[PDB]
>>> print(open('structure-v3.cif').read())   # mmCIF, C-alpha atoms
data_data
loop_
_atom_site.label_atom_id
_atom_site.label_comp_id
_atom_site.auth_asym_id
_atom_site.auth_seq_id
_atom_site.Cartn_x
_atom_site.Cartn_y
_atom_site.Cartn_z
CA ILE A 1243 69.46 124.99 -125.33
CA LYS A 1244 70.02 126.57 -128.72
CA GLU A 1245 66.66 125.06 -129.63
CA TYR A 1246 64.88 127.55 -127.38
CA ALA A 1247 67.52 130.18 -127.99
CA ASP A 1248 66.09 130.18 -131.52
CA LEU A 1249 62.45 130.84 -130.55
CA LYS A 1250 60.51 133.48 -132.48
CA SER A 1251 59.75 136.42 -130.21
CA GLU A 1252 56.20 137.56 -129.52
CA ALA A 1253 56.73 141.19 -130.59
CA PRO A 1254 59.25 144.02 -130.14
CA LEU A 1255 59.02 145.31 -126.60
CA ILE A 1256 59.77 148.99 -127.29
CA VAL A 1257 59.09 151.18 -130.32
CA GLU A 1258 59.64 154.79 -131.34
CA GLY A 1259 55.95 155.61 -130.97
CA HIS A 1260 54.92 156.22 -127.38
CA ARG A 1261 52.07 157.98 -125.61
CA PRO A 1262 52.32 160.98 -123.26
CA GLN A 1269 42.32 159.27 -119.06
CA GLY A 1270 42.04 156.30 -121.39
CA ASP A 1271 40.34 154.86 -124.44
CA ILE A 1272 39.22 151.57 -125.96
CA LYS A 1273 38.25 151.45 -129.63
CA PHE A 1274 38.12 148.34 -131.76
CA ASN A 1275 38.41 148.97 -135.51
CA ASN A 1276 37.10 145.89 -137.33
CA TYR A 1277 39.52 143.93 -135.17
CA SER A 1278 39.41 140.17 -135.66
CA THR A 1279 41.66 137.50 -134.23
CA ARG A 1280 42.16 133.77 -133.81
CA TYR A 1281 43.17 132.20 -130.51
CA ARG A 1282 46.13 130.65 -132.35
CA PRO A 1283 47.21 130.50 -136.01
CA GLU A 1284 46.23 126.82 -136.13
CA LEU A 1285 42.74 127.63 -134.80
CA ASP A 1286 39.88 129.43 -136.48
CA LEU A 1287 39.00 133.01 -135.59
CA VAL A 1288 38.02 133.86 -132.02
CA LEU A 1289 37.23 137.57 -132.54
CA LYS A 1290 35.44 138.76 -135.68
CA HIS A 1291 35.42 142.38 -136.88
CA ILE A 1292 34.62 144.05 -133.57
CA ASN A 1293 34.42 147.84 -133.76
CA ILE A 1294 33.15 148.69 -130.26
CA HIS A 1295 34.11 151.99 -128.62
CA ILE A 1296 34.21 152.40 -124.83
CA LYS A 1297 33.89 155.63 -122.89
CA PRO A 1298 37.04 157.12 -121.33
CA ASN A 1299 35.81 156.31 -117.80
CA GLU A 1300 33.24 153.63 -118.64
CA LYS A 1301 32.61 150.59 -116.46
CA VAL A 1302 31.73 147.75 -118.82
CA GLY A 1303 31.02 144.04 -118.64
CA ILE A 1304 31.57 141.11 -121.00
CA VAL A 1305 29.49 137.92 -120.75
CA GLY A 1306 28.95 134.81 -122.82
CA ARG A 1307 28.31 131.10 -122.83
CA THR A 1308 31.00 128.60 -121.91
CA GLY A 1309 33.43 128.52 -124.81
CA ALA A 1310 32.16 131.81 -126.25
CA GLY A 1311 35.74 132.96 -126.84
CA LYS A 1312 35.42 136.00 -124.57
CA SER A 1313 38.64 135.11 -122.74
CA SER A 1314 40.62 135.97 -125.87
CA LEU A 1315 39.49 139.60 -125.51
CA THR A 1316 42.04 140.19 -122.74
CA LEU A 1317 44.82 138.50 -124.72
CA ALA A 1318 44.00 140.58 -127.79
CA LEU A 1319 43.79 143.77 -125.73
CA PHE A 1320 47.25 142.94 -124.36
CA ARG A 1321 48.45 141.76 -127.80
CA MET A 1322 49.14 138.33 -126.33
CA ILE A 1323 47.69 137.11 -129.63
CA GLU A 1324 48.41 139.00 -132.84
CA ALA A 1325 45.32 140.34 -134.59
CA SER A 1326 44.14 138.34 -137.58
CA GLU A 1327 42.78 141.56 -139.09
CA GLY A 1328 41.92 145.11 -138.13
CA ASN A 1329 43.39 147.03 -135.22
CA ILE A 1330 42.60 148.93 -132.02
CA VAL A 1331 43.35 152.46 -130.80
CA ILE A 1332 43.80 153.83 -127.28
CA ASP A 1333 44.33 157.55 -126.58
CA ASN A 1334 44.64 158.23 -130.33
CA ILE A 1335 47.59 155.80 -130.53
CA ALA A 1336 47.29 152.33 -132.00
CA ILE A 1337 48.13 149.40 -129.74
CA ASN A 1338 50.82 148.21 -132.16
CA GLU A 1339 52.71 151.51 -132.39
CA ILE A 1340 53.25 152.13 -128.67
CA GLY A 1341 55.39 149.04 -128.13
CA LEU A 1342 54.52 146.08 -125.92
CA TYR A 1343 56.60 147.24 -122.95
CA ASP A 1344 54.87 150.62 -122.68
CA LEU A 1345 51.50 149.10 -123.61
CA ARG A 1346 51.60 146.64 -120.73
CA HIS A 1347 53.15 149.22 -118.40
CA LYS A 1348 50.37 151.78 -118.90
CA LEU A 1349 47.47 149.32 -118.62
CA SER A 1350 46.55 146.94 -115.82
CA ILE A 1351 44.54 143.74 -115.57
CA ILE A 1352 43.54 141.02 -113.12
CA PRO A 1353 44.19 137.66 -114.83
CA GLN A 1354 41.85 134.70 -114.79
CA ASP A 1355 44.30 133.10 -112.36
CA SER A 1356 46.70 135.14 -110.27
CA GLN A 1357 49.74 133.66 -108.59
CA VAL A 1358 52.16 134.09 -105.71
CA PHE A 1359 55.90 134.45 -106.24
CA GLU A 1360 58.53 133.26 -103.78
CA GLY A 1361 59.91 136.33 -102.04
CA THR A 1362 58.27 139.26 -100.26
CA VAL A 1363 54.91 140.95 -100.70
CA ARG A 1364 56.69 144.26 -101.26
CA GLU A 1365 58.78 142.60 -103.98
CA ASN A 1366 55.87 140.57 -105.37
CA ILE A 1367 53.84 143.78 -105.69
CA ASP A 1368 56.49 146.34 -106.73
CA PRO A 1369 59.19 144.29 -108.46
CA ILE A 1370 59.86 147.26 -110.74
CA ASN A 1371 60.50 149.26 -107.54
CA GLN A 1372 58.84 152.35 -109.03
CA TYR A 1373 56.30 153.20 -106.30
CA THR A 1374 56.85 155.28 -103.18
CA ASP A 1375 56.65 153.70 -99.74
CA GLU A 1376 53.67 155.91 -98.93
CA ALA A 1377 52.12 154.81 -102.23
CA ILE A 1378 52.61 151.16 -101.24
CA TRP A 1379 51.10 151.75 -97.80
CA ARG A 1380 48.13 153.64 -99.25
CA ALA A 1381 47.53 151.00 -101.94
CA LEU A 1382 47.65 148.15 -99.43
CA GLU A 1383 45.30 150.06 -97.13
CA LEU A 1384 42.84 150.95 -99.90
CA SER A 1385 42.90 147.29 -100.94
CA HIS A 1386 42.23 146.35 -97.29
CA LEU A 1387 45.39 144.25 -97.53
CA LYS A 1388 47.94 145.89 -95.22
CA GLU A 1389 46.13 144.68 -92.10
CA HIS A 1390 46.32 141.00 -93.04
CA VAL A 1391 49.79 141.60 -94.50
CA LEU A 1392 51.04 142.61 -91.05
CA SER A 1393 49.70 139.35 -89.58
CA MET A 1394 52.46 137.15 -91.02
CA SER A 1395 55.49 138.83 -89.44
CA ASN A 1396 56.87 142.07 -88.06
CA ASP A 1397 58.56 142.55 -91.45
CA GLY A 1398 55.21 143.90 -92.62
CA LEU A 1399 55.59 144.80 -96.27
CA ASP A 1400 58.80 142.75 -96.36
CA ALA A 1401 57.23 139.69 -94.71
CA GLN A 1402 58.02 136.60 -96.74
CA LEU A 1403 55.71 134.55 -98.94
CA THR A 1404 56.19 131.43 -101.02
CA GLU A 1405 54.46 128.98 -103.35
CA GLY A 1406 53.97 126.47 -100.53
CA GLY A 1407 53.92 126.47 -96.76
CA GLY A 1408 54.40 130.22 -96.71
CA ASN A 1409 51.55 130.65 -99.19
CA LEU A 1410 48.55 132.95 -98.85
CA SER A 1411 44.84 132.15 -99.09
CA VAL A 1412 43.67 130.79 -102.44
CA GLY A 1413 41.11 133.58 -102.65
CA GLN A 1414 43.64 136.07 -101.31
CA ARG A 1415 45.69 135.73 -104.50
CA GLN A 1416 43.10 137.59 -106.57
CA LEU A 1417 42.84 140.27 -103.90
CA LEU A 1418 46.62 140.65 -104.04
CA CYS A 1419 46.53 140.97 -107.82
CA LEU A 1420 43.87 143.65 -107.46
CA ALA A 1421 46.08 145.34 -104.87
CA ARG A 1422 48.93 145.39 -107.38
CA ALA A 1423 46.62 146.79 -110.06
CA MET A 1424 45.40 149.56 -107.76
CA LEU A 1425 48.96 150.34 -106.69
CA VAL A 1426 49.86 150.82 -110.35
CA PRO A 1427 48.77 154.27 -111.63
CA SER A 1428 46.89 152.60 -114.47
CA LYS A 1429 45.33 154.69 -117.21
CA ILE A 1430 42.95 151.83 -118.07
CA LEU A 1431 42.01 148.68 -116.18
CA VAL A 1432 40.52 145.25 -116.80
CA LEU A 1433 39.07 142.65 -114.45
CA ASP A 1434 38.37 138.94 -114.21
CA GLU A 1435 37.01 136.48 -111.67
CA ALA A 1436 37.71 132.95 -110.50
CA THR A 1437 36.25 130.28 -112.75
CA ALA A 1438 35.42 128.22 -109.64
CA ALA A 1439 33.66 129.29 -106.46
CA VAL A 1440 35.62 131.65 -104.21
CA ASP A 1441 35.15 133.54 -100.96
CA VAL A 1442 32.20 135.86 -101.45
CA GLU A 1443 33.83 138.10 -98.84
CA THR A 1444 36.85 138.47 -101.12
CA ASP A 1445 34.54 138.98 -104.10
CA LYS A 1446 32.71 141.80 -102.33
CA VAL A 1447 35.97 143.34 -101.11
CA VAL A 1448 37.42 143.38 -104.62
CA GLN A 1449 34.23 144.68 -106.22
CA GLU A 1450 33.94 147.48 -103.66
CA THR A 1451 37.60 148.53 -103.68
CA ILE A 1452 38.00 148.49 -107.47
CA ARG A 1453 35.05 150.82 -107.98
CA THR A 1454 35.97 152.98 -104.98
CA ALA A 1455 39.53 153.48 -106.23
CA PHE A 1456 39.10 153.63 -110.02
CA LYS A 1457 35.97 155.74 -109.90
CA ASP A 1458 37.59 157.91 -112.60
CA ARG A 1459 39.28 155.13 -114.62
CA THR A 1460 37.86 152.57 -117.02
CA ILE A 1461 36.99 149.11 -115.69
CA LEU A 1462 36.16 146.67 -118.49
CA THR A 1463 35.45 143.40 -116.69
CA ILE A 1464 34.94 139.83 -117.88
CA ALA A 1465 32.43 137.93 -115.78
CA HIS A 1466 31.63 134.32 -114.97
CA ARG A 1467 28.78 135.49 -112.70
CA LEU A 1468 26.22 137.90 -114.12
CA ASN A 1469 26.05 140.06 -110.98
CA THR A 1470 29.14 141.99 -112.07
CA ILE A 1471 27.43 142.53 -115.43
CA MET A 1472 24.39 143.86 -113.57
CA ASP A 1473 26.58 146.33 -111.67
CA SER A 1474 28.38 147.38 -114.87
CA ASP A 1475 27.40 150.66 -116.51
CA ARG A 1476 27.36 148.86 -119.87
CA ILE A 1477 27.17 145.18 -120.78
CA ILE A 1478 27.86 143.45 -124.10
CA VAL A 1479 27.28 139.72 -124.54
CA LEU A 1480 29.74 137.88 -126.78
CA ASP A 1481 29.35 134.49 -128.43
CA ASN A 1482 30.72 132.70 -131.49
CA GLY A 1483 33.39 135.36 -131.87
CA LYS A 1484 30.78 138.10 -132.26
CA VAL A 1485 29.08 140.69 -130.09
CA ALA A 1486 25.73 139.00 -129.64
CA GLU A 1487 23.47 142.03 -129.15
CA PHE A 1488 23.24 145.81 -128.91
CA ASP A 1489 25.34 146.71 -125.87
CA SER A 1490 23.22 148.28 -123.14
CA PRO A 1491 23.19 148.58 -119.33
CA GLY A 1492 20.26 146.15 -119.05
CA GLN A 1493 17.79 147.61 -121.53
CA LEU A 1494 17.66 144.30 -123.39
CA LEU A 1495 17.05 142.42 -120.13
CA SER A 1496 14.27 144.89 -119.32
CA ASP A 1497 12.54 144.66 -122.71
CA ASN A 1498 13.88 142.07 -125.16
CA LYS A 1499 14.32 139.17 -122.69
CA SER A 1500 17.50 138.46 -124.65
CA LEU A 1501 20.07 135.75 -124.00
CA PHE A 1502 21.60 138.30 -121.62
CA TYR A 1503 18.38 137.98 -119.62
CA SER A 1504 18.47 134.19 -119.97
CA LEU A 1505 22.01 134.15 -118.55
CA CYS A 1506 20.99 136.19 -115.49
CA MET A 1507 18.03 133.82 -115.17
CA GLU A 1508 20.48 130.91 -115.15
#
>>> encode(input="structure-v3.cif", output="structure tokens")
Amino acid sequence: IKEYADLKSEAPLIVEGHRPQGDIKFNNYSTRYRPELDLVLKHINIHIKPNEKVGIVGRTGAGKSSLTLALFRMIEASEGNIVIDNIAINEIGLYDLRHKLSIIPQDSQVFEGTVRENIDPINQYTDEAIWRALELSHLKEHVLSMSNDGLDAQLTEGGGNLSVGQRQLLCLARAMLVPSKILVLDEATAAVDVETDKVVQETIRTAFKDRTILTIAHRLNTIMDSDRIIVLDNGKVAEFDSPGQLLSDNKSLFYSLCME
């Protein structure tokens, strides 16, 4: 027990510096997936518009997954830094950093309890906010199917578990319930219900029409629908980021990926 009681913490949760829209600005940021591994991000300096919708693509093993971890400081930066809203990611403190942002993970999960608790464990949203978020996510209707408890209807890891593709919709519902200043997205590595995919893609853009959506894609269609796309490979941005100009003219690897 003391063996884990002695573990080195990831980072201080709260710091003196705190913020009061959005911003994403790499500043020669570079990072390795782990200290024992070589670098996975190399001197990125990209800047994203305050309400931009952007897409990240790459080959299998390109290292693009680490972008979310670095943006959430899940991995400490090997070099360089990032700034959001004129405040560095390190200064704000991890608690506030993760509270102000939002993200759909590669794999979402269900927690044993209630949907209301599994969506607002912090208990910081109004009941009308919860209802409106579930409705805008097109989730309240199927939520009411389980039991008369509605928002308080139970759920569990097994037996009382939801649809495998419904998990990602629920995570998106949580993200849209949160008043996020910035957002991120991800998709199932394996094949999933295209109905759920369309529902998520429609609702995310319809809700966060005024908030940033930087998405990581396993299918290039989301890159096509993104206002800006940057392809990443070998720990480096692989081309001049554009909405499809390189696909139109250069026939770049971005075009080859959409061909594939």
>>> residues_around(input="structure-v3.cif", residues="segment 1250-1270 of chain A", least_positions_apart="3", cutoff="6 Å", atoms="only C-alpha atoms", output="NGL selection string")
:A and (1298 or 1333 or 1339-1343 or 1429-1430)
>>> atom_distance(input="structure-v3.cif", atom1="atom CA of residue 1414 of chain A", atom2="atom CA of residue 1508 of chain A")
27.5 Å
>>> resolve_selection(input="structure-v3.cif", expression="the PyMOL selection byres ((chain A and resi 1321) around 10)", output="ChimeraX atom specification")
/A:1252-1253,1314-1320,1322-1325,1337-1338,1342,1345-1346
>>> resolve_selection(input="structure-v3.cif", expression="the PyMOL selection byres ((chain A and resi 1421-1427) around 8)", output="list in words")
residues 1348, 1350, 1351, 1352, 1367, 1368, 1373, 1377, 1378, 1381, 1382, 1385, 1387, 1417, 1418, 1419, 1420, 1428, 1429, 1431, 1452, 1455 and 1456 of chain A
>>> closest_residue(input="structure-v3.cif", among="A:1489, A:1432, A:1389, A:1327", to="residue 1462 of chain A", atoms="all atoms listed in the file")
A:1432
>>> closest_residue(input="structure-v3.cif", among="A:1363, A:1370, A:1302, A:1294", to="residue 1402 of chain A", atoms="all atoms listed in the file")
A:1363
>>> closest_residue(input="structure-v3.cif", among="A:1474, A:1409, A:1500, A:1444", to="residue 1394 of chain A", atoms="only C-alpha atoms")
A:1409
